[PDB]
């Protein structure tokens, strides 16, 4: 089977149809050898990551880019450009496989057009490249987002986008009930693998080289979970304790749900999420780590539908969000989001905060988190909420003037992420 046609179908779905790479790649990958699986992954992620340069190049190379009925050829050709640009696959091999992929995309008569464009690029790669990197297009971010980050981070926007464009680090979370972080790293090293601690995330290990989970010591025994570091940080602020009734809202796939139970094995946890599909992963992680929790489907806007009149001791709200902090792991976010999404998501976050607040007990604690770097979903959001909510007080994260704590992505850091901790005095 042709991997280049599999990547071109994978990707075109994402950009033109708005499907997530997460719903696509899984099945595709089940169909090929291990080395084929890694290369397919590299092609899909890579093309998504650079979808901008591959656009700015096509345009310099084709007076008329392939549209309408021959749009996949647009994507196949991009898959070819990615290979000529960002790998050291023998170019005759990248050309050959890309061209031959025209038969799996049912357009064998464009073999010449595909060869022709790719060869011209090898021919014009140079002038097209440079002119590209002269453009603001080099940051690989759509203008709307690039402009929001320059407004929010006048001094750091560039470091932000450079971090978004790096290959993501594989961060692991060591289950403290079975090992100390340090005891497990010792296992890691005996298995020929290298990881690094982080002072700010005591359960975390950053692997030098990403690995399959079947290669992580005790994964299937629940000694370790793949969880980005900033997300691990939520426990610092949630500070959960045994005996407590803890609501983990928007819980799937259950990274934080299980983290709470590693911190407080005897907490009574109720995990809810509006999506029955993703809810399934909570149980899976639940079982894998030999834990129990109450798992319920429900909408964080309309809580009484699922908890009637119940109040909780602590609430973790891992709010639905633009995901701008995690672009380095999901490059498709840059093409599926739109500038309009931001105020819509801020409104949904604002409503959930308003609907759940009354379910929190006086003296109780609520931690609001997002994987966004946009102020509207984060400090502003928390700013507004306190203003209109007289019985809420801010705790240790940020100030009444700049509420919460904003993480920004980096090679030895967690993802762009945001925390705000609140208490019901």
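Positions refer to the first chain, counted from 1.
Taking the recorded C-alpha temperature factors, which stretch has the higher mean, 147 to 155 or 275 to 283? If you average the C-alpha B-factors of 147 to 155 and of 275 to 283, the larger mean comes out for 275 to 283.
Selected stretch [higher average CA B-factor]: 118 to 126 or 135 to 143: In the deposited entry, the stretch with the higher C-alpha B-factor mean is 118 to 126.
Per the PDB entry, maximal CA B factor within 37, 49, 388, 359: Within the set 37, 49, 388, 359, 388 shows the top C-alpha B-factor.
For the C-alpha B-factor as written in the entry, point me to the maximum among 263, 216, 333, 252. 216 has the highest C-alpha B-factor of those listed.
Cα B factor band for residue 410 (lowest, middle or highest third within the chain): Middle third by C-alpha B-factor.
Within this chain, which third does the Cα B-factor at residue 54 fall in: lowest, middle or highest? It belongs to the highest third of the chain when residues are ordered by C-alpha B-factor.
Residue 373, C-alpha B-factor rank within chain (lowest, middle or highest third): Residue 373: CA B-factor falls in the lowest third of its chain.
Taking only the Cα B-factors deposited for this chain, tell me whether residue 1 sits in the lowest, middle or highest third. It belongs to the highest third of the chain when residues are ordered by C-alpha B-factor.
Looking at the entry's B-factor column for C-alpha atoms only, identify whether residue 211 ranks in the lowest, middle or highest third of its chain. It falls in the middle third of the chain.
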